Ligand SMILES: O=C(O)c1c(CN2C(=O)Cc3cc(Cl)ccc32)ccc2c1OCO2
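Before any questions on binding or motion, here is one chain by itself as structure tokens, the form deposited without the ligand.
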């Protein structure tokens, strides 16, 4: 469970925002891409798994589930690729809520940056630092993974 991530893809300004959520903590990484292809998704997972211990990924849709490039990246990085089917239905709502939160932050900083990608990274910054402890998502992920290392 310290190793489970969920991929999430949302839209804004006719661009695509790919998001990985660390399910246990709510911590995210996100990027702007021109379209969600297998190649983007695979490259994004390679980045994530080099930066956090990614054991399992719940892919956002069936195309990325099926994608050969995605499977190659998952194999390369040691990731157990899974579907992202909400066998707990509160899953669709939690994600939908995140997407709305993120878009609201992106809107609040909209003005401080010329490009959408800068706004998105500002929104990642704010989401990850936001106090619940009240511990933030960033503190939780570190706490979860550190606990896990000492066992």
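Numbering follows the first chain given and starts at 1.
Although not depicted, the form deposited with the ligand bound is the subject of the following passage.
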Taking the shortest heavy atom distance, is residue 84 within 4.5 Å of the ligand in the deposited bound form?
no
State yes or no: in the deposited bound form, is some non-hydrogen atom of residue 97 no more than 4.5 angstroms from a non-hydrogen atom of the ligand?
yes
Even though the partner isn't displayed, in the deposited bound form is residue 57 close enough to the ligand, meaning a heavy atom within 4.5 Å?
no
Residues of 12-48 having any heavy atom within 4.5 Å of the ligand in the deposited bound form, listed in sequence order:
21, 23, 25, 26, 28
